[PDB]
Amino acid sequence: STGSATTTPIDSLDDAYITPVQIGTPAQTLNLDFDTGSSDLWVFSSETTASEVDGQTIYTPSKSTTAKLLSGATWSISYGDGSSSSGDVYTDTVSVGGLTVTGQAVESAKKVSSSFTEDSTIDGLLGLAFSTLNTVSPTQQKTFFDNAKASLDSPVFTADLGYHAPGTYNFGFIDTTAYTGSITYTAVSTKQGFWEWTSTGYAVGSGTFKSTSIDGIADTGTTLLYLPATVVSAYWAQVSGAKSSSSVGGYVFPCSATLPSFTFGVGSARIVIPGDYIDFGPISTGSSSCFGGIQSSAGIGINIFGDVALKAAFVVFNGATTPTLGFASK
Ligand SMILES: NCc1ccc(C(F)(F)F)cc1
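Residues numbered from 1 in each chain as written, not as in the entry; some residues may be left out. Heavy atoms only, no water. Residues with missing side-chain atoms left out of burial classes, pairs and counts.

J.: Got a minute to help me understand the overall build of the protein in this structure?
T.: The secondary structure content of the protein amounts to four helices and 24 strands. Relative to the globule expectation of 20 Å for 330 residues, the C-alpha radius of gyration of the protein, 20 Å, shows essentially globular dimensions. Seen through its C-alpha atoms, the protein measures out along the principal axes to roughly 60 × 45 × 30 Å. Contacts in the protein between residues far apart in sequence, at least 24 positions, make up 66% of those at least 6 positions apart. (Helix = DSSP H or I, 4+ residues; strand = E, 2+ residues; numbered from the N terminus. Rg over C-alpha atoms; globule rule 2.2 N^0.38 Å. Contact = heavy atoms within 4.5 Å.)

Right under this line is the structure:
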């Protein structure tokens with residue numbers, strides 16, 4: 001079997017991407033943020049604290065003939081940005097673009113932090129990292145991908161994110177019409193539960209490529225590209241007037257600038273991120289200071305190949321017994 005669903009940016013900056021997911025019987029369609037950096041499928045629901053719901057579509061397990069309470073199970077998660085959510089768990093039928101998993105753990109939110117409440121477009125998250133990161137206690141649960149894997153034609157999913165445009169998540173197959181050239185595959189470490197790999201280097205604009213190992217994760221659930229301070233300083237030093245601002249929380253640059261591209265290595269292959277992908281617009285409405293799409297990973301403890309990097313490529317998340325990541329230009 002296979003699945004194919006369209007993913008759409010939530011706003012004019014590609015702050016996050018939402019993909020429709022059918023849950024329960026009859027179907028309840030929720031727009032979830034597919035996140036390769038976490039492993040919990042959680043939704044806003046009829047159990048979410050009323051004051052923490054602002055325009056989201058909620059899952060109501062009582063209206064689903066296939067919903068079953070996963071007795072005694074709870075979940076609690078905190079993300080890298082400081083956001084968090086927690087609640088209880090149901091099992092129900094979940095379909096993504098025609099691909100169905102029966103008995104999938106659907107984590108119902110009882111509480112969500114302010115960032116989730118304020119994002120009216122995001123009805124929940126669908127985790128796609130390794131199931132070892134799942135927060136369900138006392139019985140850890142599998143991701144939608146882990147549960148579907150044995151039914152898939154190929155044990156893979158692909159992310160093809162758009163730049164200010166819709167894109168696609170495919171499960172179980174590689175769409176050979178969605179990329180140019182060949183897909184370069186690279187080794188993955190599952191030791192920290194992420195799609196963790198090692199980039200072979202970088203170039204800034206038309207500069208010479210620097211061969212250097214950069215360990216990091218392929219994370220669809222992170223907006224920006226977070227790399228070592230040395231790399232990030234080298235990039236921003238090419239933009240007149242750019243600087244790191246502690247009051248803003250990162251590198252900013254004059255909105256009047258035309259940004260250089262950023263190239264990252266995948267083995268002997270190269271993925272070029274166009275300069276326009278690195279512009280996140282004014283820091284505040286009407287400001288002439290713009291926020292950079294390449295930021296330092298210094299306070300994080302891990303480099304993150306977020307949407308800024310992933311949307312420049314067709315990306316294969318290969319969940320075979322030896323997991324790998326594939327990158328192709330498009
Ligand atoms: N990295 C996971 C994640 C996804 C979305 C959000 C936000 F912005 F919607 F709250 C925060 C964190």
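Having seen the model, we can carry on.
J.: Would you mind going over the state of the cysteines with me for this structure?
T.: In a disulfide, the sulfur atoms of two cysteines are held together by a covalent bond. Enumeration according to the criterion identifies one disulfide in this entry. With a sulfur-sulfur separation of 2.0 Å, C255 is cross-linked through a disulfide to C290. As the torsion about the S-S bond is roughly 105°, the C255-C290 disulfide counts as right-handed. Taken together, the residues span a long stretch of sequence, with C255 in the loop between β16 (250-254) and β17 (262-266) and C290 in strand β20 (residues 289-292) at a distance of 35 residues. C290 sits in the buried class, given a relative accessible area of 2%. (Disulfide = S-S within 2.5 Å. Buried < 20%, exposed > 50% of the residue type's maximum accessible area, 1.4 Å probe, protein only.)

J.: I keep staring at the environment of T208 and nothing clicks. Help me out?
T.: Relative to the elements of secondary structure, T208 occurs in the loop between β12 (196-204) and β13 (210-218). Take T208: its relative accessible area is 76%, and that puts it in the exposed class. When residues no more than four places from it in sequence are discounted, the contact partners of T208 are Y202 and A203.

J.: Sorry if this is basic, but what is going on with unusual backbone geometry here?
T.: Keep in mind that most residues, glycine aside, have a negative phi and that most peptide bonds are trans. Residue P26 follows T25 across a cis peptide bond; omega there is -5°. Take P26: it is sitting in the loop between β2 (17-23) and β3 (28-35). In this model, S137 is joined to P138 through a cis peptide bond whose omega is 5°. The topology assignment puts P138 in the loop between β8 (124-127) and α2 (144-148). Positive phi values are uncommon outside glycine, yet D14 reaches one of about 60°. Tracing the backbone through its elements, the reader meets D14 in the loop between β1 (3-9) and β2.

J.: What exactly am I supposed to notice about the pattern of salt bridges here?
T.: Pairs may arise between side chains of opposite charge once their charged atoms sit close together. The full count for this structure, using the stated rule, is two salt bridges. Here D14 makes a salt bridge to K311, at a shortest N to O gap of 2.7 Å. Taken as a pair, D14 in the loop between β1 and β2 and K311 in the loop between α4 (307-310) and β23 (313-318) lie far apart in primary sequence, 297 residues in all. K330 is paired through a salt bridge with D160; the nearest N and O atoms lie 2.7 Å apart. Taken together, the positions of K330 in the segment after β24 (324-329) and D160 in strand β9 (residues 156-160) put the pair 170 residues apart, joining distant regions of the chain. The exposure class assigned to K330 is partly exposed, which follows from its relative accessible area of 38%. (Salt bridge = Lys/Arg side-chain N within 4 Å of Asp/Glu carboxyl O.)

J.: How should the domain arrangement of the protein be read in this particular structure?
T.: One frequently used descriptor of interface size is the decrease in accessible area upon assembly of the parts. Split into domains, the protein comes out as domain 1 (5-174) and domain 2 (175-330). Taking only C-alpha atoms, the centre of domain 1 and the centre of domain 2 are 25 Å apart. Residue-level contacts link 29 residues of domain 1 with 34 residues of domain 2. For the side of domain 1 that touches domain 2, the elements supplying multiple residues, two or more each, are β3, β9 and β10 (167-171). (Domains from an automatic or database assignment.)

J.: Would you mind going over the nonpolar core with me for this structure?
T.: In this structure, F171, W236, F262, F264, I273 and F327 are the most contacted members of the largest nonpolar core, which totals 74 residues. The leading source of residues in this core is helix α3 (residues 229-236), at four residues. Looking at which domains feed residues into this core, each of domain 1 (5-174) and domain 2 (175-330) gives three or more. Excluding its chain neighbours within four sequence positions, the residues that come into contact with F327 are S182, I183, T184, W197, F264, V266, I271, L310, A313, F314 and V315. Within the second largest apolar cluster, 17 residues are counted, among which are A16, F44, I77 and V136. (Core = buried A, V, L, I, M, F, W, Y, C linked by side-chain atoms within 4.5 Å.)

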